[PDB]
Structure formats: structure tokens, C-alpha cells
Amino acid sequence: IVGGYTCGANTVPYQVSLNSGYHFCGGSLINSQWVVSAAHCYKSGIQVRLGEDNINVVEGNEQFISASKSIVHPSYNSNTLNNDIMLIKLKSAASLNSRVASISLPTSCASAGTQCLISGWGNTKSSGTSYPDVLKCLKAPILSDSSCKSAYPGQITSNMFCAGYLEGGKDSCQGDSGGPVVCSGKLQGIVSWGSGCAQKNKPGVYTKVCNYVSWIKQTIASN
Ligand SMILES: [Ca+2]
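If you count the sequence shown from 1, position 140 lands on 146 in mature numbering (1 follows the signal peptide of the UniProt record, and there is no 0), and the numbers rise without skipping.
Next up, the structure:
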């Protein structure tokens with residue numbers, strides 16, 4: 007996260023870290039046994055880390071649970087990042103408490119102008135490189151589809167939305183990938199892509215979760 011703030015330990019209780027010997031992407035806990043992330047975060051050998059603040063210090067509220075199964079969206083296209091969404095099943099259920107909690111799925115899609123909360127452990131610099139140990143947060147608005155398509159001509163599908171600031175300075179970044187965009191108490195996006203981080207006229211592009219609720223519900227009901 008570029009241009010954000012330190013969240014506070016466990017104030018984002020649905021945030022997870024995906025670890026494959028190192029933190030590599032974020033995710034969102036949607037019930038005691040399932041995590042939502044980005045399909046471009048796919049790898050074999052994922053351990054899910056819940057209740058994290060400092061990802062380099064065991065502080066005592068963590069739960070570390072291996073993945074039993076990964077499910078990339080059937081229509082995921084890695085060239086265009088269309089349908090950039092994956093489900094991860096945990097080997098055992100998490101214990102939900104004040105520090106580890108699930109986030110609701112949306113019933114309707116979020117509105118342009120809504121201020122959302124984006125979080126993660128990704129790079130904090132534009133170019134240059136500095137990775138935080140503690141979770142970072144950013145408030146950012148949903149942009150109009152018109153402005154999104156103007157920023158990224160020929161590249162935005164109906165399964166993507168833009169959030170952030172056309173002036174630059176504040177954005178998600180590499181290592182935030184897979185993490186949540188929460189708007190009005192629901193998971194409305196997944197950190198997906200963008201041109202650089204926090205560059206003028208190049209806002210963040212997010213997977214539009216409201217288009218995937220049927221797929222999520224049917225997949226959880228069968229696995
Ligand atoms: Ca920790």
C-alpha cells in the first residue's frame with residue numbers, strides 16, 4: 007500500500023496472508039473454512055495465516071492453517087486478468103474471535119463514489135522498494151466506469167472496477183494482490199492489477215466480486 011496508514015493490530019480481522027515460505031499475496035476470510043484471493047496469486051503449497059499484524063513476529067493471535075484445495079475461476083484469463091478470483095479451502099476450520107472474523111459477500115454491487123478500505127502487506131513506494139512488516143490500510147473511492155476505461159483503454163472488462171486517485175500518490179501495489187476491498191461492510195473487490203503503483207492517471211484495478219457471488223456459493227456448497 008502506497009500513501010496509506012498503519013491499520014492497528016487485528017482491526018482488519020478478515021485479512022489473511024498467503025505464505026509459501028514467505029508472504030506473497032493477501033486474501034479475505036469469508037467463513038470458517040474458505041478464503042477468497044486473486045487467481046494470479048495461484049501457487050502450490052499455500053499456508054493461510056490468520057490474525058496477523060506483524061508478519062515477521064509471532065505475536066500470539068495467529069492461526070496458521072494449510073490449504074487443502076485451490077480453485078481458480080473456470081474462466082480466468084491470465085493474459086487479460088479477466089475473472090481474477092480464486093477460492094482456497096482450509097484443511098481445518100479457523101476459530102472465529104474478535105481478532106479473526108469473516109467478511110460478508112455483497113448482495114448488490116457498490117456505487118461509484120463509495121469510499122472503500124483496502125489493506126495489505128505490499129510495497130509502500132511508487133518505484134523504489136520498501137515492504138512493511140505490519141498491516142497497512144488505505145481509504146479510496148470507486149471511480150466511474152467511464153474514468154476507468156479512459157485510464158486503461160481497451161483493457162477493462164465488466165468484471166473489473168477502478169478505485170483510487172487520478173492524481174496519484176495513493177494506491178495498492180505488488181504484494182497487496184489478492185487482498186480485500188471492503189465497501190459498506192461487504193467484500194466488493196480483490197486487489198488485481200494496475201500500471202505501476204500510485205502513478206498519475208493510472209488507478210488500481212480490482213476484481214468485481216459482486217459478479218461472482220453465485221459461483222462462490224455453489225462452489226462452497228459442493229467442496
Ligand atoms: Ca505475526
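Cβ coordinates follow ideal geometry from the N, Cα and C atoms, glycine included.
- For residue 223, the enclosing alpha helix (DSSP H) begins and ends at 219-226.
- Looking at 204, 65, 73, the one whose alpha-carbon comes closest to that of residue 24 is 73.
- Relative to ligand 1, residue 25 has its C-beta separated by 6 Å or more from all heavy atoms.
- The closest heavy atom of ligand 1 lies less than 6 Å from the beta carbon of residue 60.
- Bounds of any alpha helix (DSSP H) do not take in residue 142; it lies within the beta strand (DSSP E) bounded by 142-147.
- If you ignore the 5 residues before and after residue 226, its C-beta comes within less than 7 Å of the C-beta of 40, all in its own chain and listed in chain order.
- Remark: the C-beta of residue 140 is outside contact range of ligand 1, defined as less than 6 Å to any heavy atom.
- Put simply, the backbone Cα of residue 135 is about 32 Å away from that of residue 95.
- In the same chain as residue 57, and ignoring 5 residues on each side of it, the C-beta atoms closer than 7 Å to its own belong to 16, 67, 68, 69, 105, 106, in chain order.
- For residue 75, the beta-bridge partners assigned by DSSP are 95.
- Look at residue 13 here: in three-state DSSP terms it is coil, with no helix or strand label.
- Apart from sequence neighbours up to five positions away, the residues of its chain that approach residue 102 with a beta-carbon distance below 8 Å are 38, 108, ordered along the chain.
- In the three-state reduction of the DSSP assignment, residue 179 falls in the coil class, being assigned neither a helical nor a strand state.
- Non-local C-beta neighbours of residue 212 in its own chain, meaning closer than 7 Å and more than five positions away in sequence, comprise 166, 167, 169, 187, 195, 196, 197, 198, ordered along the chain.
- DSSP places residue 155 within a helical segment (H, G or I) once states are collapsed to three.
- Classified as exposed, residue 64 has fewer than 16 neighbouring CB atoms from the shown chains inside 10 Å of its CB.
- Per DSSP, reduced to three states, the secondary structure at residue 116 is coil, with no helix or strand assignment.
- For the set 20, 19, 18, 46, the Cα lying nearest the Cα of residue 31 is the one of 46.
- Just so you know, the alpha carbons of residue 182 and residue 143 end up roughly 10 Å apart.
- In terms of CA proximity to residue 82, 44 leads the group 148, 44, 11, 117.
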